[PDB]
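Shown next: protein07.cif, given as mmCIF, C-alpha atoms.
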```
data_final
loop_
_atom_site.group_PDB
_atom_site.id
_atom_site.type_symbol
_atom_site.label_atom_id
_atom_site.label_comp_id
_atom_site.auth_asym_id
_atom_site.auth_seq_id
_atom_site.Cartn_x
_atom_site.Cartn_y
_atom_site.Cartn_z
ATOM 1 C CA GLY A 1 1.343 -57.824 -22.397
ATOM 2 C CA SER A 2 -0.707 -60.736 -21.082
ATOM 3 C CA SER A 3 -2.651 -63.819 -22.171
ATOM 4 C CA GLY A 4 -6.114 -65.268 -21.631
ATOM 5 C CA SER A 5 -8.434 -62.300 -22.096
ATOM 6 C CA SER A 6 -8.868 -60.227 -25.256
ATOM 7 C CA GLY A 7 -10.133 -56.654 -25.137
ATOM 8 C CA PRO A 8 -10.869 -53.972 -22.493
ATOM 9 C CA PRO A 9 -11.674 -55.197 -18.939
ATOM 10 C CA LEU A 10 -14.165 -52.443 -18.111
ATOM 11 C CA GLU A 11 -17.530 -52.779 -19.853
ATOM 12 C CA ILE A 12 -18.004 -50.209 -22.616
ATOM 13 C CA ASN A 13 -20.979 -47.840 -22.537
ATOM 14 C CA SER A 14 -21.514 -48.820 -18.899
ATOM 15 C CA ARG A 15 -21.925 -46.887 -15.650
ATOM 16 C CA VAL A 16 -18.950 -46.624 -13.294
ATOM 17 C CA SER A 17 -17.727 -44.172 -10.654
ATOM 18 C CA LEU A 18 -14.258 -42.708 -10.117
ATOM 19 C CA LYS A 19 -12.270 -42.121 -6.927
ATOM 20 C CA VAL A 20 -11.453 -38.411 -7.123
ATOM 21 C CA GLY A 21 -9.568 -36.853 -4.227
ATOM 22 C CA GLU A 22 -11.472 -37.945 -1.128
ATOM 23 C CA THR A 23 -14.750 -38.863 -2.826
ATOM 24 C CA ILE A 24 -16.251 -40.836 -5.711
ATOM 25 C CA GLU A 25 -18.046 -39.604 -8.829
ATOM 26 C CA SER A 26 -20.441 -41.691 -10.921
ATOM 27 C CA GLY A 27 -19.638 -41.794 -14.626
ATOM 28 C CA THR A 28 -19.888 -43.736 -17.879
ATOM 29 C CA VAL A 29 -17.367 -45.908 -19.721
ATOM 30 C CA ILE A 30 -16.102 -45.068 -23.208
ATOM 31 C CA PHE A 31 -12.358 -45.707 -23.454
ATOM 32 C CA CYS A 32 -10.233 -48.384 -21.785
ATOM 33 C CA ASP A 33 -6.647 -49.035 -22.871
ATOM 34 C CA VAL A 34 -2.979 -48.282 -22.198
ATOM 35 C CA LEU A 35 -0.853 -45.255 -23.074
ATOM 36 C CA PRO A 36 2.559 -44.696 -24.749
ATOM 37 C CA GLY A 37 5.387 -45.384 -22.321
ATOM 38 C CA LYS A 38 2.800 -46.255 -19.681
ATOM 39 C CA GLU A 39 1.975 -49.907 -20.347
ATOM 40 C CA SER A 40 3.630 -51.044 -17.116
ATOM 41 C CA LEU A 41 1.461 -48.638 -15.122
ATOM 42 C CA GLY A 42 -1.573 -50.725 -16.019
ATOM 43 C CA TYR A 43 -4.627 -49.856 -18.100
ATOM 44 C CA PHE A 44 -5.967 -46.296 -18.142
ATOM 45 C CA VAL A 45 -9.714 -45.756 -18.518
ATOM 46 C CA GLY A 46 -11.702 -42.711 -19.587
ATOM 47 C CA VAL A 47 -14.936 -42.208 -17.664
ATOM 48 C CA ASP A 48 -17.541 -39.713 -18.872
ATOM 49 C CA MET A 49 -19.124 -38.187 -15.768
ATOM 50 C CA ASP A 50 -22.604 -36.654 -15.866
ATOM 51 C CA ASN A 51 -21.480 -33.408 -14.231
ATOM 52 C CA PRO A 52 -18.879 -30.936 -15.606
ATOM 53 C CA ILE A 53 -15.839 -32.325 -13.791
ATOM 54 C CA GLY A 54 -13.747 -33.780 -16.598
ATOM 55 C CA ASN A 55 -10.103 -33.110 -17.428
ATOM 56 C CA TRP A 56 -9.133 -35.130 -20.503
ATOM 57 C CA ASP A 57 -9.977 -34.369 -24.134
ATOM 58 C CA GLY A 58 -8.361 -37.586 -25.317
ATOM 59 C CA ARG A 59 -4.750 -36.850 -26.232
ATOM 60 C CA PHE A 60 -1.235 -37.795 -25.132
ATOM 61 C CA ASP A 61 1.654 -35.377 -25.660
ATOM 62 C CA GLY A 62 -0.087 -34.159 -28.802
ATOM 63 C CA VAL A 63 -1.273 -37.462 -30.250
ATOM 64 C CA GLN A 64 -4.982 -38.289 -30.050
ATOM 65 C CA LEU A 65 -6.011 -41.594 -28.476
ATOM 66 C CA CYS A 66 -9.655 -40.996 -27.560
ATOM 67 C CA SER A 67 -11.869 -39.050 -29.965
ATOM 68 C CA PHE A 68 -15.074 -39.486 -27.964
ATOM 69 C CA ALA A 69 -13.254 -38.041 -24.951
ATOM 70 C CA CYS A 70 -13.603 -34.365 -24.047
ATOM 71 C CA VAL A 71 -11.887 -32.018 -21.596
ATOM 72 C CA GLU A 72 -15.140 -31.323 -19.750
ATOM 73 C CA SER A 73 -16.584 -34.541 -18.320
ATOM 74 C CA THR A 74 -14.359 -37.416 -19.461
ATOM 75 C CA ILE A 75 -11.606 -38.535 -17.085
ATOM 76 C CA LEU A 76 -8.727 -40.881 -17.909
ATOM 77 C CA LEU A 77 -7.443 -42.712 -14.833
ATOM 78 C CA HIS A 78 -6.398 -46.127 -13.523
ATOM 79 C CA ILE A 79 -9.103 -48.799 -13.716
ATOM 80 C CA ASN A 80 -8.469 -49.583 -10.049
ATOM 81 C CA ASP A 81 -9.540 -45.989 -9.417
ATOM 82 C CA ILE A 82 -12.890 -46.672 -11.088
ATOM 83 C CA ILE A 83 -15.792 -47.926 -8.974
ATOM 84 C CA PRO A 84 -18.441 -49.845 -10.990
ATOM 85 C CA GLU A 85 -21.776 -51.153 -9.712
ATOM 86 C CA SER A 86 -22.436 -54.572 -11.248
ATOM 87 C CA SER A 87 -22.631 -58.162 -10.005
ATOM 88 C CA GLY A 88 -22.485 -60.103 -13.258
ATOM 89 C CA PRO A 89 -23.741 -63.672 -13.905
ATOM 90 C CA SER A 90 -24.096 -66.343 -11.220
ATOM 91 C CA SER A 91 -23.984 -70.124 -10.821
ATOM 92 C CA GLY A 92 -23.103 -71.028 -7.246
#
```
Hey, can you dump this file as structure tokens for me?
Amino acid sequence: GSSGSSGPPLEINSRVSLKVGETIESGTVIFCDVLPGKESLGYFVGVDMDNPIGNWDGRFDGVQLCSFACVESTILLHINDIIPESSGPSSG
């Protein structure tokens, strides 16, 4: 685990793309957490694309982690793979 921040890094119900193959695909955020025996890998994230290009219903070896997910548009991958489009607050 870690310390400092509390909760998912990627904004929920937001718009973010995903690096698939040799191209990116815009999508929406819904799930952002780790997986059993895959905590060291990082933090998986399920993005709900607008087009039918998903591949994750929201399960792991039988167990269900994401209910909102669906094997049609949603896509669980590494956050680093996701490509958001926000700047956030400023200050200088």
- [ ] Starting from the shown file, work through the PyMOL selection byres ((chain A and resi 14) around 12) and note down what comes out as an MDAnalysis selection string.
- [x] chainID A and resid 9:13 15:17 26:32 46:49 82:86
TODO: Fewer than 6 positions away in the same chain doesn't count, so skip those; otherwise give me all residues within 7 Å of residue 44 of chain A, counting only C-alpha atoms, as number ranges by chain.
DONE: A: 32-34, 76-79
Residues as selected, C-alpha atoms, written as a CSV table (one decimal), in the frame of the given file, can you do that?
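Wrote selection15.csv, looks like this:
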```csv
chain,number,residue,atom,x,y,z
A,32,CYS,CA,-10.2,-48.4,-21.8
A,33,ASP,CA,-6.6,-49.0,-22.9
A,34,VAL,CA,-3.0,-48.3,-22.2
A,76,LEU,CA,-8.7,-40.9,-17.9
A,77,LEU,CA,-7.4,-42.7,-14.8
A,78,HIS,CA,-6.4,-46.1,-13.5
A,79,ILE,CA,-9.1,-48.8,-13.7
```
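Nearest to residue 38 of chain A of all the residues A:8, A:1, A:92, A:58 is A:1, based on only C-alpha atoms.
Each of A:22, A:5, A:72, A:89 was compared to residue 53 of chain A using only C-alpha atoms, and A:72 turns out to be the nearest.
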TODO: Tell me, in Å to one decimal, how far atom CA of residue 19 of chain A is from atom CA of residue 45 of chain A.
DONE: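 Atom CA of residue 45 of chain A lies at a distance of 12.4 Å from atom CA of residue 19 of chain A.
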Please, what is the axis-aligned box for every listed atom of segment 5-14 of chain A with 5 Å on each side, as centre and edge lengths in Å to one decimal, as lines of an AutoDock Vina configuration file?
```
center_x = -15.0
center_y = -55.1
center_z = -21.7
size_x = 23.1
size_y = 24.5
size_z = 17.1
```
Task: d(atom CA of residue 74 of chain A, atom CA of residue 51 of chain A) in Å - done: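 Atom-to-atom, atom CA of residue 74 of chain A to atom CA of residue 51 of chain A, that is 9.7 Å.
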Open item on the list: For a test of reading the model, state the distance in Å between atom CA of residue 91 of chain A and atom CA of residue 7 of chain A, rounded to one decimal.
Closed with: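 Here the two named atoms are 24.0 Å from each other.
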TODO: Compare A:41, A:21, A:36, A:80 by their minimum atom-to-atom distance to residue 62 of chain A, counting all atoms listed in the file, and give me the closest one.
DONE: A:36
- [ ] Compile the contact shell of residue 60 of chain A as a PyMOL selection string: residues with an atom at most 9 Å away, counting only C-alpha atoms, same-chain residues fewer than 3 positions apart removed.
- [x] chain A and resi 35-36+63-65
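Residue nearest residue 59 of chain A within the list A:25, A:88, A:75, A:18: A:75 [criterion: smallest interatomic distance, all atoms listed in the file].
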